[PDB]
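This report refers to the structure that appears directly beneath it.
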Amino acid sequence: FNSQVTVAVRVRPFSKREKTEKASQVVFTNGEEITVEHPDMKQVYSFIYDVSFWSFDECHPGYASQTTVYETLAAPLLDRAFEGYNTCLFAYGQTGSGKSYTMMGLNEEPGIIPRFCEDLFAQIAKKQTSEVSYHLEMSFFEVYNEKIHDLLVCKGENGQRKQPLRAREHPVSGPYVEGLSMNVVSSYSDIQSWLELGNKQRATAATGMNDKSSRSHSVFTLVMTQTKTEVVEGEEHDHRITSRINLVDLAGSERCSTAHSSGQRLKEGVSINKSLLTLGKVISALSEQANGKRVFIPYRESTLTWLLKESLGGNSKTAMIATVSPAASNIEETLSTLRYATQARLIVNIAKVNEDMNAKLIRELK
Amino acid sequence: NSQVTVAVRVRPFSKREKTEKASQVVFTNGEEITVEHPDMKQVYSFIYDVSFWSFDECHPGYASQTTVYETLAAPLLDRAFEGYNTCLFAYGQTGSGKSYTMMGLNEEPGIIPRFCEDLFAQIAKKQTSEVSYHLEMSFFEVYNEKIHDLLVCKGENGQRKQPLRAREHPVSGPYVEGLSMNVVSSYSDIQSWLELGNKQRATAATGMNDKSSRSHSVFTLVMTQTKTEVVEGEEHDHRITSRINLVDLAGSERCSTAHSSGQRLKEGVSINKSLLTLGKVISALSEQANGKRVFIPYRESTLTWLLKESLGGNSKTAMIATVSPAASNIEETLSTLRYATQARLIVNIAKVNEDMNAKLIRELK
Ligand SMILES: Nc1ncnc2c1ncn2[C@@H]1O[C@H](COP(=O)(O)OP(=O)(O)NP(=O)(O)O)[C@@H](O)[C@H]1O
Ligand SMILES: Nc1ncnc2c1ncn2[C@@H]1O[C@H](COP(=O)(O)OP(=O)(O)NP(=O)(O)O)[C@@H](O)[C@H]1O
Ligand SMILES: [Mg+2]
Ligand SMILES: [Mg+2]
């Protein structure tokens, strides 16, 4: 299904930081349409999105919680997953824009990721029948300085236990990680425990912009297979489908002029910005492709893109969520983010469902 | 006039081999018997007029012991009673189960007891006062091209392994000098003497087993039919007889695998020589069975030399190859069936039986 990507946006409000150092509002939501006032009051930029939420305030219409945003954005992808489609959602934006606060959220207001996860487990409960057997697995890993590390591993005891892995490209199913310890899911409780361990061990750190920053890229994969009956008088349960869900928490530019730092700090920031740039180029060429343009896609210019190839494009029903700030202090960043997103709507891939009727005759009969 | 039937009796797995969960390599398709390489390097097929598949009770066409007897061994009882000589060969490697087919078990008999008691009972069919019947038997072994009588009990001496010699009767055919005979009317007494016989038989503990056959054994039965006829006077002297010759051949064995020394190697050499000779002989007999005129090297060994008349002319015979199905002795099985086949061995290679599901070809067409 040559089909597009759902692009959603969430303007978080200002903070103690702006209260201490006054930073006016410039982002404005006409219900859902995004409008940004230049502090010079010379231009208003405006952007239109398939989805909007106005978390700037709780009161005016357009407001939405984590789960409102879920049932707007991610529950449909749950639907397409049970339809059998691979699915993607990934975040974008700067530091302190609640990109984690949205996707993952915290303990008290967890994000789209945990909402979807419990919805998925109970949605399997809805059809926990012998009509269709279900089997769910998940992996969870991180990207730091182009190095891949396993979030679900209890590290050993050593001064250096951040065991790197490497990537390999199956000629058919595409990239994957060696040693990636994909584990079985019984329920959202198990998912929760896994996520807790991983987010704990993630290489994150405090800084001058936020108390805790996602200095590494995080990937959270689920794959649900569902074995169903075929339409034959013989072995009926010989049909199966798979659906691969991919939820991605990226990092922010973290411009060093404000993110004054040194050593390993600046190193991580450099690698991050490099990665995100590569991603942006991927996104742009994808948009041009969706415009019908014959274009070479530098998936291979980094690791993030390479792994997420089949999700940024390929075969999956996908979405992006962009996080943006109201403070004029970072209006440039928010504008860049909004332009990224409004370009992002234009992207399409060709999404179907992964029966994998291999050595089955079912697809051939079909 | 003679003719031979060439057949094969497949053994099933043992408790040992089932415990190993040893792979099967022998399979059948009709009388055809195939061997599949474990690495599928070669899929061979040997062909027989008959195949005795005692691999699984549940299989279509299971051959039981009496099945074998009434399939291949029994007709020879008819022909021997008819009045021409009969023989049955058994050839196979150690552990194949030659005794299991031939002698069988004390509870599950073989073609030996089946034929013996059947022929007793079947001569009792015709036990008239017009015709007299008289039955004898002899039993001897060939070993290093030496003949030894199996019916003399060893004495309290270095040995009684007294070598004997072959002479060619000017009229009838070759026979053995000094061979003591006994007369029979009971298989119980057949067995009485055999108790001595297969004890005196020379044997050796190889690696393939603890008691291997290191000497060919020939067991023949003497059937005498004396009839009287109207001659315008005293009715007397119409004589017809026949012979029934059982051949417990010995296994070949590659000396390269039987790494050893001395007398063991000598016996292996002699045995292989005999087998080769016999293979030549039998093939020649087949070619004449199709009518090819040809010279026969009967004289190249003692065994065939004795059997010459039992093999030629009006002579009905069969040979049973014994084999094991297990993947582990696959080489031995291929060897055995190769000896057994009388035209050639088929071979190919094929790893396409998996059409990935339910004959995908039916869709691809
Ligand atoms: N719209 C919002 N409404 C209420 N609270 C918010 C909102 N957005 C963010 N927050 C909170 O403010 C804090 C700032 O967000 P923060 O988690 O630092 O962004 P982030 O996703 O960490 N960016 P990065 O660290 O670069 O990945 C978070 O701890 C949230 O709990
Ligand atoms: N068709 C069969 N069904 C069941 N068991 C069999 C069959 N053929 C052989 N066996 C077993 O294998 C053995 C074959 O005869 P036996 O002489 O006892 O073993 P062996 O070592 O093969 N002796 P040999 O006759 O000299 O090969 C028997 O002891 C049986 O228990
Ligand atoms: Mg974050
Ligand atoms: Mg045996």
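Where a number appears in this text, it was derived from the coordinates with a stated rule and is not lab data. For neighbour counting, all protein chains shown are included, and Cβ atoms are generated from backbone atoms with ideal geometry for every residue, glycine included.
With respect to chain B, whose longest principal axis is taken over its alpha-carbon atoms, helix B:302-311 is tilted by about 80°.
Converting the Cα gyration tensor eigenvalues of chain B into ellipsoid dimensions via √(5λ) gives semi-axes, longest first, of 38, 26, 20 Å. Taking every DSSP bridge with both residues inside chain B, close to 65 percent are antiparallel. Can you give the angle from 0 to 90° between the axis of helix A:331-344 and the longest principal axis of chain A, with both taken from C-alpha atoms, to the nearest 10? The angle comes out near 30 degrees. For chain A, the longest principal axis of the alpha carbon atoms and the long axis of helix A:264-290 meet at an angle near 60°.
Spatial offset of the stretch B:236-278 relative to the stretch B:1-78 amounts to 23 Å, using the alpha carbon center of each. Taking the fewest neighbouring Cβ atoms within 10 Å as the starting point, the ordered list for B:78, A:119, A:356 is B:78, A:356, A:119. When A:233, B:309, B:108, A:355 are sorted by how many other C-beta atoms sit within 10 angstrom of their C-beta, beginning with the fewest, the order is A:233, B:108, A:355, B:309. Counting neighbouring beta carbons within 10 Å and listing from fewest to most, the residues A:117, B:255 come out as B:255, A:117. Which pairs break 31 Å Cα to Cα here: A:127/A:147; A:155/A:309; B:266/B:292; B:21/B:359; A:147/A:228; A:22/A:212? In this structure, A:127/A:147; B:266/B:292; A:147/A:228 lie more than 31 Å apart at Cα. Cα centroids of the stretch A:293-356 and the stretch B:103-171: 94 Å apart.
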